[PDB]
Amino acid sequence: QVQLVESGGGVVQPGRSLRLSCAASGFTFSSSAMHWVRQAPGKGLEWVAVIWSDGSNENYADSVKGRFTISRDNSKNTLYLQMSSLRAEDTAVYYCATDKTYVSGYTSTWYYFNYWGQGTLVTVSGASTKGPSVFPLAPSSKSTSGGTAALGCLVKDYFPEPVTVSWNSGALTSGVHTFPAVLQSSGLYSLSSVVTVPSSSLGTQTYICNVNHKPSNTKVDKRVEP
Amino acid sequence: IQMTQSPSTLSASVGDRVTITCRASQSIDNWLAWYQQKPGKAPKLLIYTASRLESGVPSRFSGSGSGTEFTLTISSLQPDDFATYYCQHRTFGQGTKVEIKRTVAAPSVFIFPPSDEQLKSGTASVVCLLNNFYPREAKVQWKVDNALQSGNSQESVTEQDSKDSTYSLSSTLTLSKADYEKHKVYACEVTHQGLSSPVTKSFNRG
Amino acid sequence: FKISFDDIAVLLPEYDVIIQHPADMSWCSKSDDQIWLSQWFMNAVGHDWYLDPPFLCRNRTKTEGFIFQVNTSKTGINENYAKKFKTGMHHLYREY
Ligand SMILES: *[C@@H]1O[C@H](CO)[C@@H](O)[C@H](O)[C@H]1NC(C)=O
């Protein structure tokens, strides 16, 4: 089976050129063009780089013209991509995919991506590691609708992603919803999570949210009290 | 060579037949490909040159068209197809979202003031929760002392759940501690297709 | 050279060379023999370079190879051209 692996990603400060590796195996790597494509988080795809099998001709998008450059090592079956003059807008998920240069008996650069990797994440940001802040959100009279009460926890000012929230030591899953994180202008992330329960048991059941931030090794347990 | 798609969002159910249209700025003959994508996944190519079908792709997918106008047709819609679809010749298309269709769901509105610990931190975040609503399109407005507010609220909406096929949206209004202590009554008003009239949830500072 | 007729587009005017004059033909190949044979065949078929719609070719500065494509569709304006070229091939291969 055709196999492809991508590596050399993470979080990097602006102004540093990064080198990313794309290993390929299982096919005639010397006779198939390669492509690098990029997707911003939550946006559509965008073709970035392409190299043909000979290794002579390249092509890049104008948004990265002069700043990106791809090469390949046919002996080592590897593809190396260099990124320079990084900005916050380049933070995205990068894929390297093998092209199909044969369609019904012709050979060219058809721009068809046929096999893909798991995709790497590149975060061009200058923020540093910081633990999260947990704030409970307790029910009130106006937070009850027909015998249904909502509780939750807000996790604010953390970096980097991700943060995992559990309830009742993981025993509470019905009516639990975590909303996706939001980027702040201060370079820190924030998000909220909530849970809906019968209002009759508010005075009899304890609700506790556990917040885990692996990069900072932060484990915070906060109880929600009406 | 610019490309455009129609529509942007589509609603369908099991067994339906769905069509997507893709128009290019200038004639490109039959140089176009159709891709499928799922949330948190990798793009998988479906259709070559608007006509041929990649091996392993379900036979219920097909494409047609030429020149400047092209169309992707799915005869029978299966649960594994609710996704995003793209048409690409030079760049990608803007994306068509094939999405489940269900009955209208009445929104549930909740309101919470900022916590005292956040007040210790010096920031106030008033949250407005809109749970179990359908369709997604809802309008949220923030009123501070019965005055409309803008530019200080951020929303976060979660994708469709597989239990009740409903949506959830949390809107957070962010202010400084001093400003929060300056104003007394804070409200969020929601307007939705499932409401006869907009519903306003208001609380008073202690 | 091998010649085939089918319904696949491999060159576009917005991406490669639109040959209009035999002088411009020199940008399609790396060998004088291939250029001479191409011009030989096109003049044998009976194409008027400065009176009929052009044809498309790839420029030499690529490691792909040599390919040239002609439109002989049977609709629209090109219908008429389709006649001319048709007869051309009818007078060379003794069959078609
Ligand atoms: C492509 O063909 C054109 C038309 O003859 C030619 O001017 C150009 O130099 C070719 N491309 C390159 C990169 O040389």
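Asker: Just to check I follow, could you spell out the UniProt feature "disulfide bond" in chain C for this structure?
Answerer: All names here are of chain C. Between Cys28 and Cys57, where UniProt places a disulfide, the sulfurs come within 2.0 Å of each other, which fits a bond. Taken together, the positions of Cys28 in the loop between β1 (17-19) and α1 (32-45) and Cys57 in strand β2 (residues 55-57) put the pair 29 residues apart, joining distant regions of the chain. A relative accessible area of 5% places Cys28 in the buried class.

Asker: Whenever I open this one, the site of the ligand confuses me. Can you help?
Answerer: Residue and element names in this part refer to chain C. With respect to spatial proximity, the complete set of residues near the ligand consists of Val17, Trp27, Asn59 and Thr61. In this structure, an oxygen atom belonging to the ligand sits 2.4 Å away from a side-chain N or O atom of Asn59. A distance of 2.9 Å separates an oxygen atom of the ligand from a polar side-chain atom of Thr61. Here the ligand, which alone exposes 350 Å², has 46% of that area covered by the protein. A breakdown of the residues in the shell around the ligand according to their chemical character gives 2 nonpolar, 2 polar and no charged.

Asker: Is there a simple way to think about the interface of chain C and chain A in this case?
Answerer: Accessible area lost upon the coming together of the parts is a frequently used measure of interface size. Facing 8 residues of chain C, the contacting portion of chain A comprises 11 residues. Carbon and sulfur atoms make up 55% of the surface buried where chain C meets chain A, a total of about 770 Å² over both sides. When residues of chain C are sorted by the area they lose upon contact with chain A, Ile8, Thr63 and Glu64 of chain C head the list and together hold 60% of the total. The interface formed by chain C and chain A contains 0 salt bridges. There are 2 residue pairs in polar contact connecting chain C and chain A.

Rules used throughout
Residues numbered from 1 in each chain as written, not as in the entry; some residues may be left out. Chains lettered and ligands numbered in written order. Part of a larger assembly, values for the part shown. Heavy atoms only, no water. Disulfide = S-S within 2.5 Å. UniProt positions renumbered as here; feature names shortened; annotations may be inferred. Helix = DSSP H or I, 4+ residues; strand = E, 2+ residues; numbered from the N terminus. Buried < 20%, exposed > 50% of the residue type's maximum accessible area, 1.4 Å probe, protein only. Near = heavy atom within 4 Å. Polar contact = N/O pair within 3.5 Å; in protein donor to acceptor, adjacent residues only side chain to side chain. Areas by Shrake-Rupley, 256 points an atom, 1.4 Å probe, with all protein chains shown as cover. Nonpolar A, V, L, I, M, F, W, Y, C, P; charged D, E, K, R; others polar. Contact = heavy atoms within 4.5 Å. Buried area = accessible area lost by both parts, 1.4 Å probe. Salt bridge = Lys/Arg side-chain N within 4 Å of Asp/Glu carboxyl O.

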